[PDB]
Every structure is written in structure tokens, then in C-alpha cells.
Amino acid sequence: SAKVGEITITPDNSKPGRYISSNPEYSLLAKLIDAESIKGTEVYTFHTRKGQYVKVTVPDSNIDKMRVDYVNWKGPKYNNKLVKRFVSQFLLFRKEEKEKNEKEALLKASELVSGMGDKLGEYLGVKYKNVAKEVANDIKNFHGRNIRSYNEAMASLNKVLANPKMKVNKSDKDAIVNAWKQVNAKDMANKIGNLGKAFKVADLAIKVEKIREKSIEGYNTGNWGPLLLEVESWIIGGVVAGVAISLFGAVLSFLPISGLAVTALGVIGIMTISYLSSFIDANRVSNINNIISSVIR
């Protein structure tokens with residue numbers, strides 16, 4: 001709901017990635033704008049008329065490499081400077097918006113993780129509670145310029161996974177799974193959504209659903225790649241690293257423990273905590289491994 005030079009851009013609450021121009025006169029004669037960021041390239045779509053639009057693409061957010069495309073254009077083409085004028089600011093606004101949301105997300109996510117700490121710790125032990133808290137902190141203070149690679153993360157996860165004590169008997173496995181299935185993406189999505197504007201990403205419920213399905217599959221197959229990959233997916237697809245993670249954590253934390261035993265609890269607690277550190281801090285993982293002993297039987 002900020003001001004972009006001469007006008008005021010407002011984010012369409014109803015539709016993520018879409019903005020409203022206070023005065024189309026300065027927004028290329030378009031009231032509605034749709035922004036996108038795939039693989040670091042910003043893409044602006046100005047809806048001038050029905051079925052008509054101007055596509056603006058900014059490779060690597062470098063206005064110098066800017067490209068304009070008139071699609072289904074009837075009339076004369078706007079002069080570049082004009083376009084440039086607006087884009088410049090919009091670009092800038094966009095960055096700020098992200099930066100803001102990122103911080104906003106990490107915080108709220110760190111809270112959730114922290115609380116999860118307090119909660120499970122009552123059953124799991126102080127050692128558990130202690131680590132969870134650090135993990136929460138790491139989240140709180142993370143910068144998106146250090147989000148780890150799939151292969152990078154996957155490795156760390158293995159350490160935990162490869163940890164002998166880190167066992168999972170069917171009785172437990174089947175519960176954990178049953179828990180996951182108990183989940184309703186939609187409700188989740190709303191739940192998550194209500195955490196704040198920053199969580200209002202596109203196709204929330206799909207993202208949720210995929211976390212569930214892949215979460216389940218991980219359990220009964222030991223394959224966790226799909227999970228990590230999904231998250232990474234999100235990011236390449238436009239979601240800011242900080243948010244993606246936060247989003248991830250939130251979901252993770254929203255799983256229902258009713259119907260699980262203290263043993264299953266430990267698994268869950270460890271897992272959650274582990275996935276997260278895997279993407280953030282390699283070192284925290286050690287910490288986790290060290291407490292697996294006292295948490296898991």
C-alpha cells in the first residue's frame with residue numbers, strides 16, 4: 001500500500017502477485033499489474049485493455065537489460081523512457097516489499113518453532129527444548145543469501161538419518177503417517193494464511209498438500225529428497241528464501257500430535273527441527289544428533 005513516485009501501488013489482497021495503480025496515467029495506462037519473479041528475473045504485466053497488455057521483463061532485476069513486449073496491441077507503442085520511468089520505481093518497491101516480508105516471516109516462524117520447543121519439551125525433555133530454541137533463533141536471524149542447496153541440505157539430513165538411535169518402529173511410523181493424512185490443506189492454508197500478509201503466497205493450499213504427500217512418502221520410504229526438493233521448488237518459483245522456510249516451518253509445526261506416543265513425538269520433534277537446520281545451519285545439525293540419544297528411547 002506504498003507510494004511509487006507519483007502514484008500509489010496497492011497489493012491486491014484477493015490475488016497474490018497483483019497490484020493496483022492509484023492513477024493508471026503513470027502506470028502505463030494500466031490499473032492492474034501482475035508481478036513475477038522466476039529464477040531472479042522480474043516480470044511485469046500491465047493490463048491495459050481486455051486481452052491486451054504490456055509485458056515488461058527485467059532480467060536479474062537489472063533495468064539495463066529491460067525488455068518490453070506489446071501483446072495484442074492496437075495503437076502506438078509507448079516511448080521507452082516512459083516505461084523506464086515507472087519500472088524503475090516499481091522494481092525498487094518490489095525489492096523493499098520482499099525484504100520486509102522476509103523479516104516478517106522469519107520472526108513469526110521463529111516464534112512457532114520456539115513454542116513448539118516449549119510444548120514438546122514438556123514430554124520430550126529439556127535437552128530437546130533447548131535445541132529447538134536455538135533452531136528458532138537461527139531462523140529468526142537468517143538472511144536469504146545463505147539458503148542451502150538441495151544436495152547440500154540432503155547431506156546434512158543424512159547425518160541425522162544415519163544416526164543409529166534414529167529408529168522408527170511401524171507402530172510409530174503408522175501413527176505419524178496417520179497424523180499427516182488427518183491434515184486438511186485448506187484449513188491449514190487458512191491457518192497459515194492468518195499468520196500474516198507475508199504468508200499470503202500463491203497456491204498456498206497446493207504447497208501445503210505437497211508437503212503432506214511428500215511428508216508421508218518420506219516416512220514409508222526413507223526418501224526425503226522430494227520434500228527438500230519441493231521447498232527449493234517454491235523458491236525458484238518466486239517465493240523468497242526466508243518465506244519459503246518460514247512457510248515450511250509453520251506447516252511442520254501445525255501437525256497434530258494427538259494420537260502419537262512419546263516415542264513418535266521424539267521422531268517428529270527431531271525431524272522438524274532437522275529439516276529446518278538442514279537448509280540453514282550445517283552446524284546446528286551436530287547439536288541435534290547429540291541429543292538424539294536422550295530423546296529417542
# chains A, B, ... in the order shown; residues from 1 in each chain; ligands from 1
$ residues_around --residues "residue A:171" --least-positions-apart "6" --cutoff "10 Å" --atoms "only C-alpha atoms" --output "ChimeraX atom specification"
/A:260-261,263-264
$ write_last_selection --atoms "N, CA and C atoms" --output "JSON list (two decimals), in the first residue's frame"
[["chain", "number", "residue", "atom", "x", "y", "z"],
["A", 260, "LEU", "N", -0.38, -39.80, 19.00],
["A", 260, "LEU", "CA", 1.02, -40.20, 18.88],
["A", 260, "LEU", "C", 1.54, -40.50, 20.26],
["A", 261, "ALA", "N", 2.53, -41.35, 20.32],
["A", 261, "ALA", "CA", 3.11, -41.65, 21.60],
["A", 261, "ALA", "C", 4.39, -40.88, 21.77],
["A", 263, "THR", "N", 7.20, -41.66, 21.93],
["A", 263, "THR", "CA", 8.26, -42.05, 21.03],
["A", 263, "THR", "C", 8.10, -41.38, 19.68],
["A", 264, "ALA", "N", 6.90, -41.49, 19.11],
["A", 264, "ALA", "CA", 6.61, -40.85, 17.85],
["A", 264, "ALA", "C", 6.89, -39.35, 17.94]]
$ residues_around --residues "residue A:128" --least-positions-apart "4" --cutoff "10 Å" --atoms "only C-alpha atoms" --output "number ranges by chain"
A: 117-118, 120-124, 132-133, 266, 269-270, 273, 288, 291-292, 294-295
$ write_last_selection --atoms "N, CA, C and O atoms" --output "mmCIF file, in the first residue's frame"
data_model
loop_
_atom_site.group_PDB
_atom_site.id
_atom_site.type_symbol
_atom_site.label_atom_id
_atom_site.label_comp_id
_atom_site.auth_asym_id
_atom_site.auth_seq_id
_atom_site.Cartn_x
_atom_site.Cartn_y
_atom_site.Cartn_z
ATOM 1 N N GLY A 117 9.000 -25.846 20.751
ATOM 2 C CA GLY A 117 10.028 -26.232 21.700
ATOM 3 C C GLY A 117 9.416 -26.434 23.084
ATOM 4 O O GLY A 117 9.388 -27.544 23.616
ATOM 5 N N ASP A 118 8.893 -25.346 23.648
ATOM 6 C CA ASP A 118 8.245 -25.375 24.948
ATOM 7 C C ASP A 118 7.240 -26.513 25.069
ATOM 8 O O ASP A 118 7.261 -27.290 26.029
ATOM 9 N N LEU A 120 6.566 -29.524 23.080
ATOM 10 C CA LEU A 120 7.096 -30.872 23.079
ATOM 11 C C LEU A 120 8.067 -31.124 24.212
ATOM 12 O O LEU A 120 8.211 -32.241 24.681
ATOM 13 N N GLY A 121 8.782 -30.102 24.626
ATOM 14 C CA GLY A 121 9.756 -30.293 25.682
ATOM 15 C C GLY A 121 9.123 -30.850 26.945
ATOM 16 O O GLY A 121 9.760 -31.572 27.702
ATOM 17 N N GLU A 122 7.865 -30.495 27.191
ATOM 18 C CA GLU A 122 7.179 -30.994 28.372
ATOM 19 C C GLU A 122 7.120 -32.503 28.375
ATOM 20 O O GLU A 122 7.145 -33.129 29.427
ATOM 21 N N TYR A 123 7.064 -33.079 27.183
ATOM 22 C CA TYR A 123 7.067 -34.518 27.056
ATOM 23 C C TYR A 123 8.471 -35.032 26.751
ATOM 24 O O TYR A 123 8.904 -36.031 27.309
ATOM 25 N N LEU A 124 9.165 -34.353 25.831
ATOM 26 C CA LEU A 124 10.476 -34.761 25.329
ATOM 27 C C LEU A 124 11.691 -34.553 26.227
ATOM 28 O O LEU A 124 12.639 -35.323 26.177
ATOM 29 N N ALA A 132 15.724 -26.809 20.164
ATOM 30 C CA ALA A 132 14.643 -26.247 19.393
ATOM 31 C C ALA A 132 14.734 -24.740 19.438
ATOM 32 O O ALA A 132 14.638 -24.060 18.414
ATOM 33 N N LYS A 133 15.012 -24.241 20.639
ATOM 34 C CA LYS A 133 15.135 -22.820 20.835
ATOM 35 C C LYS A 133 16.256 -22.201 20.025
ATOM 36 O O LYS A 133 16.087 -21.148 19.419
ATOM 37 N N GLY A 266 9.105 -37.782 19.733
ATOM 38 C CA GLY A 266 10.522 -37.527 19.590
ATOM 39 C C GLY A 266 10.920 -37.491 18.120
ATOM 40 O O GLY A 266 11.649 -36.595 17.688
ATOM 41 N N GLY A 269 9.579 -34.331 16.549
ATOM 42 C CA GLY A 269 10.348 -33.242 17.071
ATOM 43 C C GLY A 269 11.704 -33.209 16.400
ATOM 44 O O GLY A 269 12.120 -32.194 15.863
ATOM 45 N N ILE A 270 12.385 -34.333 16.386
ATOM 46 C CA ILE A 270 13.696 -34.353 15.762
ATOM 47 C C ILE A 270 13.647 -33.982 14.288
ATOM 48 O O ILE A 270 14.336 -33.061 13.841
ATOM 49 N N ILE A 273 12.794 -30.169 13.323
ATOM 50 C CA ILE A 273 13.949 -29.444 13.715
ATOM 51 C C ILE A 273 15.100 -29.674 12.756
ATOM 52 O O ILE A 273 15.811 -28.743 12.399
ATOM 53 N N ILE A 288 21.786 -31.392 17.201
ATOM 54 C CA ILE A 288 20.657 -32.286 17.159
ATOM 55 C C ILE A 288 21.073 -33.747 17.354
ATOM 56 O O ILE A 288 20.569 -34.447 18.221
ATOM 57 N N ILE A 291 21.681 -34.937 20.761
ATOM 58 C CA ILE A 291 20.595 -35.150 21.687
ATOM 59 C C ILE A 291 19.651 -36.255 21.283
ATOM 60 O O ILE A 291 18.738 -36.589 22.027
ATOM 61 N N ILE A 292 19.871 -36.825 20.109
ATOM 62 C CA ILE A 292 19.008 -37.896 19.644
ATOM 63 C C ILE A 292 18.931 -39.021 20.662
ATOM 64 O O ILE A 292 17.883 -39.626 20.867
ATOM 65 N N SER A 294 19.081 -39.093 23.980
ATOM 66 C CA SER A 294 18.225 -38.890 25.123
ATOM 67 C C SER A 294 16.776 -38.647 24.775
ATOM 68 O O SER A 294 15.916 -38.625 25.646
ATOM 69 N N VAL A 295 16.504 -38.415 23.511
ATOM 70 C CA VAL A 295 15.148 -38.140 23.112
ATOM 71 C C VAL A 295 14.467 -39.382 22.575
ATOM 72 O O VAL A 295 13.284 -39.620 22.799
#
$ closest_residue --among "A:32, A:221, A:165, A:254" --to "residue A:208" --atoms "only C-alpha atoms"
A:254
$ closest_atom_pairs --of "stretch 4-94 of chain A" --to "stretch 194-198 of chain A" --cutoff "12 Å" --atoms "only C-alpha atoms" --output "tab-separated table"
residue	atom	partner	partner_atom	distance
A:11	CA	A:197	CA	10.2
A:12	CA	A:197	CA	11.2
A:13	CA	A:197	CA	8.7
A:14	CA	A:197	CA	11.4
A:15	CA	A:197	CA	11.8
A:16	CA	A:197	CA	9.9
A:17	CA	A:198	CA	12.0
$ write_last_selection --atoms "C-alpha atoms" --output "PDB file, in the first residue's frame"
ATOM      1  CA  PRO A  11      -1.380  -5.099  -3.383  1.00  0.00           C
ATOM      2  CA  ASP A  12      -4.485  -6.969  -4.417  1.00  0.00           C
ATOM      3  CA  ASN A  13      -5.448  -8.767  -1.251  1.00  0.00           C
ATOM      4  CA  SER A  14      -7.583 -11.130  -3.286  1.00  0.00           C
ATOM      5  CA  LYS A  15      -4.806 -12.121  -5.670  1.00  0.00           C
ATOM      6  CA  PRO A  16      -1.146 -12.525  -4.868  1.00  0.00           C
ATOM      7  CA  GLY A  17       1.319 -11.088  -7.311  1.00  0.00           C
TER       8      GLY A  17
END
$ residues_around --residues "residue A:111" --least-positions-apart "3" --cutoff "10 Å" --atoms "only C-alpha atoms" --output "number ranges by chain"
A: 105-108, 114-117, 133, 136-137, 139-140, 250
$ select_by_dssp --residues "stretch 65-234 of chain A" --states "helix (DSSP H, G or I)" --output "PyMOL selection string"
chain A and resi 65+80-124+126-140+144-146+150-161+170-181+185-193+197-199+204-219+225-234
$ residues_around --residues "residue A:227" --least-positions-apart "3" --cutoff "7 Å" --atoms "only C-alpha atoms" --output "JSON, numbers by chain"
{"A": [211, 214, 215, 224, 230, 231]}
$ write_last_selection --atoms "N, CA and C atoms" --output "PDB file, in the first residue's frame"
ATOM      1  N   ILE A 211       3.420 -30.784   0.797  1.00  0.00           N
ATOM      2  CA  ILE A 211       4.208 -31.047   1.994  1.00  0.00           C
ATOM      3  C   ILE A 211       3.715 -32.315   2.665  1.00  0.00           C
ATOM      4  N   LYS A 214       4.349 -35.602   0.339  1.00  0.00           N
ATOM      5  CA  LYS A 214       5.762 -35.933   0.358  1.00  0.00           C
ATOM      6  C   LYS A 214       6.258 -36.281   1.763  1.00  0.00           C
ATOM      7  N   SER A 215       5.611 -35.679   2.776  1.00  0.00           N
ATOM      8  CA  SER A 215       5.951 -35.945   4.159  1.00  0.00           C
ATOM      9  C   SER A 215       5.626 -37.392   4.451  1.00  0.00           C
ATOM     10  N   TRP A 224      13.557 -38.589   1.367  1.00  0.00           N
ATOM     11  CA  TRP A 224      13.204 -37.254   1.789  1.00  0.00           C
ATOM     12  C   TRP A 224      13.526 -36.198   0.747  1.00  0.00           C
ATOM     13  N   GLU A 230      10.821 -29.989  -2.919  1.00  0.00           N
ATOM     14  CA  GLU A 230       9.607 -29.217  -3.029  1.00  0.00           C
ATOM     15  C   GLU A 230       9.821 -27.792  -2.552  1.00  0.00           C
ATOM     16  N   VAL A 231      10.405 -27.699  -1.369  1.00  0.00           N
ATOM     17  CA  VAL A 231      10.690 -26.418  -0.787  1.00  0.00           C
ATOM     18  C   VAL A 231      11.540 -25.588  -1.733  1.00  0.00           C
TER      19      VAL A 231
END
$ residues_around --residues "stretch 41-55 of chain A" --least-positions-apart "5" --cutoff "7 Å" --atoms "only C-alpha atoms" --output "JSON, numbers by chain"
{"A": [29, 30, 32, 33, 34, 35, 36, 60, 61, 68, 69, 70, 71, 72, 73]}
$ write_last_selection --atoms "N, CA and C atoms" --output "short mmCIF file (atom, residue, chain, number, x, y, z; two decimals), in the first residue's frame"
data_model
loop_
_atom_site.label_atom_id
_atom_site.label_comp_id
_atom_site.auth_asym_id
_atom_site.auth_seq_id
_atom_site.Cartn_x
_atom_site.Cartn_y
_atom_site.Cartn_z
N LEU A 29 -0.96 3.44 -18.24
CA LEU A 29 -2.37 3.37 -18.56
C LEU A 29 -2.96 2.04 -18.16
N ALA A 30 -2.44 1.48 -17.07
CA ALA A 30 -2.95 0.23 -16.56
C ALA A 30 -3.23 0.34 -15.07
N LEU A 32 -4.31 -2.38 -13.23
CA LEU A 32 -3.86 -3.65 -12.69
C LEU A 32 -2.49 -4.06 -13.18
N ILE A 33 -1.68 -4.55 -12.26
CA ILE A 33 -0.35 -5.05 -12.58
C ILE A 33 -0.10 -6.38 -11.92
N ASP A 34 0.54 -7.27 -12.68
CA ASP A 34 0.88 -8.60 -12.20
C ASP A 34 2.38 -8.80 -12.24
N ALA A 35 2.97 -9.04 -11.07
CA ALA A 35 4.41 -9.22 -10.98
C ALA A 35 4.82 -10.67 -10.75
N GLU A 36 6.02 -10.99 -11.23
CA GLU A 36 6.53 -12.34 -11.14
C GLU A 36 8.02 -12.32 -11.02
N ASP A 60 17.31 -10.33 -13.99
CA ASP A 60 18.14 -10.14 -12.83
C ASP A 60 17.95 -8.78 -12.21
N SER A 61 16.73 -8.29 -12.31
CA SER A 61 16.41 -7.01 -11.73
C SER A 61 17.36 -5.92 -12.20
N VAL A 68 10.62 -4.91 -23.45
CA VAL A 68 9.21 -4.59 -23.50
C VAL A 68 8.49 -5.35 -24.59
N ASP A 69 7.27 -5.76 -24.31
CA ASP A 69 6.52 -6.51 -25.28
C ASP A 69 5.08 -6.15 -25.25
N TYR A 70 4.62 -5.72 -26.41
CA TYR A 70 3.24 -5.35 -26.57
C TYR A 70 2.49 -6.50 -27.19
N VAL A 71 1.56 -7.03 -26.42
CA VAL A 71 0.79 -8.16 -26.86
C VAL A 71 -0.68 -7.83 -27.10
N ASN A 72 -1.11 -8.10 -28.34
CA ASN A 72 -2.49 -7.83 -28.75
C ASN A 72 -2.70 -6.33 -28.74
N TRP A 73 -1.64 -5.66 -29.17
CA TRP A 73 -1.58 -4.22 -29.19
C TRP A 73 -2.23 -3.58 -30.39
#
$ select_by_dssp --residues "stretch 54-217 of chain A" --states "strand (DSSP E)" --output "MDAnalysis selection string"
chainID A and resid 54:58 67:71
$ write_last_selection --atoms "C-alpha atoms" --output "short mmCIF file (atom, residue, chain, number, x, y, z; two decimals), in the first residue's frame"
data_model
loop_
_atom_site.label_atom_id
_atom_site.label_comp_id
_atom_site.auth_asym_id
_atom_site.auth_seq_id
_atom_site.Cartn_x
_atom_site.Cartn_y
_atom_site.Cartn_z
CA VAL A 54 2.34 -4.83 -21.98
CA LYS A 55 4.86 -7.31 -20.80
CA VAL A 56 7.91 -5.97 -19.08
CA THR A 57 10.70 -8.26 -18.18
CA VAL A 58 13.69 -7.33 -16.02
CA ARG A 67 12.67 -5.77 -22.46
CA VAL A 68 9.21 -4.59 -23.50
CA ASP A 69 6.52 -6.51 -25.28
CA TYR A 70 3.24 -5.35 -26.57
CA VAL A 71 0.79 -8.16 -26.86
#
$ residues_around --residues "residue A:236" --least-positions-apart "6" --cutoff "8 Å" --atoms "only C-alpha atoms" --output "list in words"
residues 38, 39 and 40 of chain A
$ write_last_selection --atoms "N, CA, C and O atoms" --output "PDB file, in the first residue's frame"
ATOM      1  N   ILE A  38      10.780 -15.337 -11.488  1.00  0.00           N
ATOM      2  CA  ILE A  38      11.233 -16.684 -11.710  1.00  0.00           C
ATOM      3  C   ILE A  38      12.724 -16.668 -11.962  1.00  0.00           C
ATOM      4  O   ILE A  38      13.208 -15.944 -12.833  1.00  0.00           O
ATOM      5  N   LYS A  39      13.448 -17.452 -11.174  1.00  0.00           N
ATOM      6  CA  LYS A  39      14.881 -17.549 -11.333  1.00  0.00           C
ATOM      7  C   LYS A  39      15.568 -16.189 -11.331  1.00  0.00           C
ATOM      8  O   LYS A  39      16.536 -15.959 -12.064  1.00  0.00           O
ATOM      9  N   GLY A  40      15.063 -15.279 -10.507  1.00  0.00           N
ATOM     10  CA  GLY A  40      15.685 -13.971 -10.364  1.00  0.00           C
ATOM     11  C   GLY A  40      15.332 -12.918 -11.406  1.00  0.00           C
ATOM     12  O   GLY A  40      15.884 -11.815 -11.393  1.00  0.00           O
TER      13      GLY A  40
END
$ atom_distance --atom1 "atom CA of residue A:64" --atom2 "atom CA of residue A:28"
18.8 Å
